[PDB]
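A lone chain, given as structure tokens: the form whose entry title says "closed state".
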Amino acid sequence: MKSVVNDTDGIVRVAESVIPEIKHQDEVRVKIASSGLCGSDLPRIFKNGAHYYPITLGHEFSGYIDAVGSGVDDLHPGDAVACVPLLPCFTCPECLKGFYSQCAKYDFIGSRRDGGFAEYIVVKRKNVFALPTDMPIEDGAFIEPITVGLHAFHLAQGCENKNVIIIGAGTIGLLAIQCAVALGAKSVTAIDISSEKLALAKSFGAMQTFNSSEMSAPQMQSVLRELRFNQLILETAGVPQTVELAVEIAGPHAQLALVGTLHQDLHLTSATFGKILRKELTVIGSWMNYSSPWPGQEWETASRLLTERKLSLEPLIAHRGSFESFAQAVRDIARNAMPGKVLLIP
């Protein structure tokens, strides 16, 4: 079988290996149908940011059950699933509190173990999430990235009647816009360094967009004056400038959910830091996308919003291809901006 394997210093290869076998009663094998590249994968591929090399990435995927372990009674060959890539230990104090993303001993498909850029994969039963039978299987690869935004909304106690601001118009951000609209946000504003996805953002329901390469924070704050209360700002870009921006534009008692992980240091002036206090912001760290009961309401919500046609995935997709096509698309990224969702379609 084929897979995409990344090695040190940005080399991408398509490799051949044996189909993995089920080794435990609680495992299943998935024949992968659709598998997406995450923004978080770019540092793993090009910036020697993976836990090990060689590695096969991929934690945003769907497919059909090919086989099940003898202890699996609620799934059958042919069933459609999405991958739930985190595997908590389920027995430490954090896990028993439902703090799965704080498990000290968790596995992660496509980061801590090999993942879904492959024709087949073997995972635990608890690492798959059954899809509605009428859901196009390709759509299943988007459930995991949908739940990222949903998890942040959940930590913020919802987005209903809030003035939502999404910073970063990558896939996670664009999905978050769609979810905010569907979940009853009063308004949604989208902010990004480029202007391309911003028209797209408006098509997804953002009522306005700010190009941060063309507007300063005070200019944005001025436009936001009427919408300054009950803000929920999601920082999805994961760069110092956008974390700073979020604090600078925030209205009184805004909630600021941090979704994007930084790869450079954050220097805040005393002035900017002071605004966190003066505005009495609530800054909410968000990590992964799970809650109790496992894998969490985020996953059910994502599935439901999709089935209800409240989300639109097609415009998000920049590339569809099998292994060679996908590998070259990944290579073509180098480390510039992500064009859109690059899908591997085995």
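Between two forms, the rigid core is the largest collection of C-alphas that superpose within 1.5 Å. Counting begins at 1, following the sequence as shown.
There is another form of this protein, the form whose entry title says "open state", and it is not shown here; the text below is about that form.
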| item | value |
| --- | --- |
| Residue from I284, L281, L311, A50 whose Cα, after superposing the rigid core, lies 2 Å or more away between this form and the one not shown | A50 |
| Rigid core superposed: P252 CA moves 2 Å or more between this form and the one not shown | no |
| Is_shifted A118 between this form and the one not shown (CA, 2 Å cut-off, rigid core) | yes |
| Threshold 2 Å Cα movement between this form and the one not shown for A302, core superposed | no |
